[PDB]
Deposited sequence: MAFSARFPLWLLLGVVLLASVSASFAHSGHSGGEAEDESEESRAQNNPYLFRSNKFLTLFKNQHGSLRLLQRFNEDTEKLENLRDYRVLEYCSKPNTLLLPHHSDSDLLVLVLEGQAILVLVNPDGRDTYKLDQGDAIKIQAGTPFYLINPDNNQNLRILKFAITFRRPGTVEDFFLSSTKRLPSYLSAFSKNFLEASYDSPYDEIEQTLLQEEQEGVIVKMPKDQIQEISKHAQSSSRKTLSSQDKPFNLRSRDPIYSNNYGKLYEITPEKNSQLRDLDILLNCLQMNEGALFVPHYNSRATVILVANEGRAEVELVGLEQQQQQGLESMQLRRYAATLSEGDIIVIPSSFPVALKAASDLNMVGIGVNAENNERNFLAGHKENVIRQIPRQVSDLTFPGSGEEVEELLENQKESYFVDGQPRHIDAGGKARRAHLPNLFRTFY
């Protein structure tokens, strides 16, 4: 059918109560041999109501954390202290594997939506979270040690340790909270494409130290209803495209082991499509839309356009060769390619 399309319903709920939820996308390679280059990566969605705290835990994986909606306070605990960060909409930050952290939605009215990208290394494709808190879904990891180990460790009788640290709590890992390097914004630089129809912002590993270690680019797409992101392809980056707001009509063109395949889907909020490198892709805004792209294998990526005035590789083929490439003449090919005056994003209204 479409091995590149992941609907909101292909997410497993890890935890949910009335205060928020943690969801985990199935392995990219669960249902297809075609995405073995994504086997090390998992996607998570965290959603929390006003005045909520995700209790402290470390992941066995590196995390890229992105605020899709609202605002957050992120605390990273280290062996000798802690670092406290305010995250606004569009703010991203890397959490190093094995750093205990907790996440607060400090807003009194607006929900918090966070996209988490996991880069796994201990057990490729597997993400584990170690929660200090004992809850219905799992006891504290501390509880797995023997009585003698715990008593000697904390120099305290087991009874005190058990009542003070271990006993299974009444809420889960998201609770209501009293008072009832650095983050970087996806839009911290000038957009790389910008006209009356759309904008794309892009942060690359070349320009960002946190993204450099992961070999990842992040982009942020805004388009007006009826705008069309024209046919183009990425030379190196495979892009995990996340629908944030609005509805996107995607056409993806692939070669499969033999056959030429069209992949066409309308994506609503939460929906994900993978755009493999070299595969031509185009995207029409059915409503005003915001989308986030995560590009893996990002180093030295180059975007090649197949329509419009600027960065159109077809326009760069000389008349002599275009004449032999296409049924038209060099003159007819050149003329047709000049008809589109816009670049990158155009009017997608039919005629």
Report task. Write out the missing regions of the deposited sequence in sequence order, one range per stretch. Result -> 1-45, 226-245, 323-330, 425-445
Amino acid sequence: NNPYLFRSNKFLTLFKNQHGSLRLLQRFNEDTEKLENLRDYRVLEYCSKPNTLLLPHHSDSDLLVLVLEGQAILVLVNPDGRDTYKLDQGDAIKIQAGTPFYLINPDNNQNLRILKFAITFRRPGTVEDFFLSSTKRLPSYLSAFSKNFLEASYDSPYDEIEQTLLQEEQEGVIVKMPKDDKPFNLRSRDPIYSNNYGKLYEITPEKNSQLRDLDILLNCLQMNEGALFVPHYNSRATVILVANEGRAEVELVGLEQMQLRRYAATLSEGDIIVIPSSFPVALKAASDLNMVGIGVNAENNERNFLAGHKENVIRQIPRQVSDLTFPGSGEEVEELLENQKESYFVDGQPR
From here on, numbers count along this sequence of modelled residues.
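In this text, the rigid core denotes the largest set of C-alpha atoms whose superposition between the two forms falls within 1.5 Å.
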Requested in this report: Compare 160-168 with 142-150 and report which one shows the larger root mean square C-alpha deviation from this form in 4 other deposited structures of this protein once the rigid core is superposed.
Outcome: 160-168
Query raised in the report: When the core is superposed, where do the C-alphas shift more in 4 other deposited structures of this protein: in 169-177 or in 195-203?
Result: 169-177
Query raised in the report: Relative to the other PDB entries of this protein in the set, is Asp129 coordinate-less in at least a third?
Result: no
Query raised in the report: If we scan the other compared entries, does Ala118 go without coordinates in at least a third?
Result: no
**Report entry** Mean C-alpha B-factor comparison - 166-174 and 202-210, higher one
**Finding:** 166-174
Report summary line: Of 298-306 and 316-324, the stretch with the higher mean C-alpha B-factor in the deposited entry is 316-324
Requested in this report: Can you pull the Cα B-factors for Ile216, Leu260, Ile119, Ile275 from the entry and say which is highest?
Outcome: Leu260
Report task. Compare the C-alpha B factor of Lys136 with those of the other modelled residues in its chain, then answer lowest, middle or highest third. Result -> highest
Query raised in the report: Sorting the chain's CA B-factors, does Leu24 end up in the lowest, middle or highest third?
Result: lowest
Requested in this report: Give the position of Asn290 by CA B-factor within its chain, expressed as the lowest, middle or highest third.
Outcome: middle
Report summary line: Of the three thirds of the chain ranked by Cα temperature factor, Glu69 occupies the highest
Requested in this report: Can you work out whether the C-alpha temperature factor of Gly270 puts it in the lowest, middle or highest third of the chain?
Outcome: highest
